[PDB]
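Just one chain follows, in the form deposited in one PDB entry, and it is written as structure tokens.
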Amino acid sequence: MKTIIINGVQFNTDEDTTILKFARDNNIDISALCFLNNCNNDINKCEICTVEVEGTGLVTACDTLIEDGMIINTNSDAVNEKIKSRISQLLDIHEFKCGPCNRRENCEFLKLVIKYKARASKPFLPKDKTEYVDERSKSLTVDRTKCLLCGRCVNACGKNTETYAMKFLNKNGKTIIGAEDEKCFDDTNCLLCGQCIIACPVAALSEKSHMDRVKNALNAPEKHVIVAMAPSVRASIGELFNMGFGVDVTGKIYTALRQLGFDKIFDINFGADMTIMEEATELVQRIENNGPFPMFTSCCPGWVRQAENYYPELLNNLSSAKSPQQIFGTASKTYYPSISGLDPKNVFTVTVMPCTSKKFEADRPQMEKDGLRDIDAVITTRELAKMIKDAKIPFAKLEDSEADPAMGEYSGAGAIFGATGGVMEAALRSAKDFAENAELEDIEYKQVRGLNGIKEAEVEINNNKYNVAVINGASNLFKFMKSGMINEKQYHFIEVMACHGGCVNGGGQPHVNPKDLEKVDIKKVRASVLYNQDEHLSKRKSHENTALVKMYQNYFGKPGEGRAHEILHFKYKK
């Protein structure tokens, strides 16, 4: 056992952990900045977690293991002058203009500048932000006027994707973060998943803004602006209006969108039901043809990029169904004019996504038909929150409203798409019914749910056994393939999602303080909203969605063939 003294309090412990973790567990404040999720910035450490170890001097608490005999002081004058000095040095390279800053309301650096009363030796007033800003990407934007060189984005990229697409670079003798060879991220092995953004304590990493695309369409007299939100938005955007965690705010979002001036309020969960219609049909077709197996889902554009960049040979095994976003968009330019009278050229389709890679998907050159984009703009959860606040809409006070049903109705199977294993469970509900020409009552597939990085189950379909896997995060895709787990049996259907936890933890989602993250499992609490909706919805299979059935009967015909295959599918390989 070890005896540790911290601020004169004696602890007898058998734990092997860092000073920072031990002190936090015991309600002793130690500041931190570059430390996140059990890693700090190993070169040029920030030292904001400085403490004193008697006999040693100043040490960094976030990466020093406790040892028998240590006498630690966390709040001496010398400690506090060190930390204040380090923050002051960061202010010397930080454009400290929080008024217009997109992290004004939840910035970790501002909280430290306030706590320690730090101020720059010289205000940093960059004059050519075109040089510090890289907006070339369709998904990510770097603003190096805000960058603290804390390396949290680099660490998060490594842990979440193992691509190390985000790197430290030497640019004319100064350190920056960016992509390989300072390329546009899109032109590298980057997945555009935005997990680097989620890790960033400041406004240095952001989504690529589509707010001007949206505002300009709303204000254009002849544009009819459709909006539809992803499953995950209704389980998370309330966090940015101080409503707490795990609050279902679906009805408030519909009201806020109308108050923002959107012309039609639909829902991507309707598109999720469309994707299941096509993809469950495709899975039954492959079961009948004995393959090709495995079929992989194709609805996560981070995974599609990962396949393109690292496993191009699996592209022919991807489902050809468009993603909920893109399948919805396709219908919004074809079916929706047919039931509304809008000129298709004047429809402008906007999605609200928990995701940055969806902006890349929407802007893919072939994601259009007859000159009309499937999807004209994608705004993240964060961007929609900013629009609401800029409009002075009192979100938390709003009354609930409903979506326009024609492409707004959704089943419980669509509702759970945002959680890891949601696509899988939703697709099995329909595929089992299709294959057995039955209306089965047992529809919960709890074995594919939850936060294990690689999940598997054996399922019975029409008196045969099939193996499915759910791959929960891009790093786990690499693990699953490189370890040869894929070889241990014949897999028939595999869901892959780039973001651990599923879209509820996507790159466009609200930032959460790491000290709210202590007490809240954000992945499970956001996902719980979606499973709750499923549990209370009357229709829990995508093919029971009434508005969807009407659309197929009146416009698309039979899923998985013909017209539906013609325009609702996408050749990912070619």
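Each form is matched to the other, and the largest set of C-alpha atoms that superpose within 1.5 Å is called the rigid core. Start at 1 and count along the sequence shown; that's the residue number.
The next section is about a form of this same protein that is not shown, the form deposited in another entry.
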Quick one: with the rigid core lined up, which of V525, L537, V512, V53 moves its CA 2 Å or more between this form and the one not shown? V53
Using a rigid core superposition, assess whether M70 undergoes a CA shift of 2 Å or more between this form and the one not shown. yes
Taking the rigid core as reference, does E561 move its C-alpha 2 Å or further between this form and the one not shown? no
Rigid core superposition, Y552 Cα moves 2 angstroms or more between this form and the one not shown: no
